[PDB]
């Protein structure tokens, strides 16, 4: 009853990949997190945002229109793009259908975010009714959105001008959508503008002492506020740079491509150095006494995985991303909630501001988990 068996486990070349979670379980996990995301709601109206122009805004419900919906839609879209899953596609199409039937919300750095996913759906479907949306919002980003000194995009939100300020998340929430629309509609000036915003955001926010980024910059006073190397804020750069590079598809050796890769590599090198043994990062990246924070960790995981897959950075960084992904899966509840996630975080004047943000379940936690796990699925092909 003896068997003929070939030896392979000794060979790094021949031995099959060691996987801590099966493809099927991972897909189920992503769908469960998605289910959680689209069912987030504020039935009592606790968190309603009220403005003195009479507007009353639901920032929590799936029926809302926030940067968080943009990030969630993008994750759901990537999963659809990868798998062809029709139920995921339909969530996206219904959201746009419902929002557009209701009418436009006001344009700002955050509400621009969903248009990245809209552009991809327009590319696939050619739905003519989508086009006026894309054109109007891109034109706003080009010509109407407020500029700081040096033509920087000002981080104006629904309720605050944030005069002369530039923040980490602008590149992801507004610039990437603008660049994608510029490519899709063959409007190269949109892409030139986007590229300039990358260079200027690096100029004002990156910290040459560490390779990490500060949260904010103010031309009024020329300062970086608390000089906080805040994890979630940094993770928006780790995510957006590889996506932007992929989109612009520049020739190797082009100085802009090379420079942005250099910037990404420096951040990832710093991140590798301050990653906790659990795979998570500290909410103040350089303060090992600050608490570990999962949503930022999910963003870093996405960005490092993508940068490795696109070969912008060394294949050896796969180890850092692998540790982070294990950490992420360890922090997703059976209800599909990303645990150890910090509450909404504005611009801090001191570092204690960041240390003391409460921990609670948030839409971006689920959204970022969808993104990083979907990118992790690429490893299974």
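Positions refer to the first chain, counted from 1.
Higher mean CA B-factor, judged across 141-149 and 283-291 from the recorded values: 283-291. Taking only CA atoms, the mean B-factor in the PDB entry is higher for 157-165 than for the other of 258-266 and 157-165. Of the candidates 253, 182, 84, 299, the PDB record gives 84 the highest C-alpha temperature factor.
Of the candidates 235, 105, 78, 170, the PDB record gives 105 the highest C-alpha temperature factor.
In this PDB entry, the Cα temperature factor of residue 210 sits in the middle third of its chain's modelled residues. When all modelled residues of the chain are sorted by CA temperature factor, residue 219 is found within the middle third.
For residue 136, the recorded CA temperature factor ranks within the lowest third of the chain's modelled residues. Among all modelled residues in its chain, residue 343 ranks in the highest third by Cα B-factor. The deposited CA B-factor of residue 370 belongs to the middle third of values across its chain.
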